[PDB]
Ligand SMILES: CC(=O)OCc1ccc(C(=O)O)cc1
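Have a look below at one chain only, the form deposited without the ligand, in structure tokens format.
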């Protein structure tokens, strides 16, 4: 059934699972036409598919050409996502295929269920968590590869960098979700917090700065402050 706060530790057991988020697949800018009407211009997207135990981010870039001449693009987008997840599973050796795929929006269940009829033993599940994966386009390197793509293209990163060498999946997922939630709530302040100190660098294959343990604690504390504050500024408290 649905994934919620009560069965949260299942994410970190040894059953392979993926999270799939489709928020950023179909993206537009809205602008005025010469005649004073409004039109959209699509920009590149991505499917955010993530193994929460290993940190593997299978990032599938969606190039604007995929929409050309199509109607009902918000609905097509959900199916286009399901088609790509399905192709990804089929590309993986059997022992690497997920036993469960958890979709972050309920509108994805039927498109993915239908694309995965070939895989009756893969459970397709929703969640009651309000996960901040839509903020993934606030991660500079992810946004850069998405925006520069001139064709469809799959890119790979470990969203946990090398963290698992020192911390558990559980803690690594909790850090990731705190960083994303902060980037979603106040992007500028979140980024200032991460990059203020020029001496902490981001390695070439990594997405986040190379913080020591003590520095991650400071950072984590500063993101929690941010999220509590903006929640006052937003609700005046």
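Take the two forms, superpose them, and find the largest set of C-alpha atoms that agree within 1.5 Å; that set is the rigid core. Numbering follows the first chain given and starts at 1.
- Here 192-200 and 43-51 are scored by the root mean square distance of their C-alpha atoms in 9 other deposited structures of this protein, with each structure fitted by the rigid core; the higher score goes to 192-200.
- Superposition on the core shows that, in 9 other deposited structures of this protein, the C-alpha atoms drift more in one of 24-32 and 64-72; this is 24-32.
- Just going by the entry, 87-95 versus 73-81 on mean CA temperature factor gives the higher value to 87-95.
- Relative to its counterpart among 219-227 and 20-28, 219-227 has the higher mean temperature factor, C-alpha atoms as listed in the PDB entry.
- Within the listed group 127, 158, 138, 150, the record reports its top CA B-factor for 127.
- Across 168, 51, 189, 65, the entry's maximum B-factor at the CA atom is seen for 189.
- Per-chain ranking of the deposited C-alpha B factor places residue 116 in the lowest third.
- For residue 179, the recorded CA B-factor ranks within the lowest third of the chain. Only modelled residues enter the ranking.
- Annotation for residue 58: CA B-factor lies in the lowest third of the chain's modelled residues.
- In the deposited entry, the Cα temperature factor of residue 164 places it in the middle third of its chain's modelled residues.
- Ranked within its chain, residue 44 lands in the lowest third, by CA B factor from the PDB record.
Quick note: we don't show the form solved in complex with the ligand, though the next part is all about it.
- This form has no room for the ligand: after superposition of the C-alphas round the site, using its pose in the bound PDB entry, 3 or more of its atoms sit within 2.4 Å of a backbone or C-beta atom.
- Heavy atoms of residue 129 reach within 4.5 Å of the ligand in the bound PDB entry, making it an interface residue.
- Along 4-31, residues 4, 7, 8, 11 each place a heavy atom within 4.5 Å of the ligand in the bound PDB entry.
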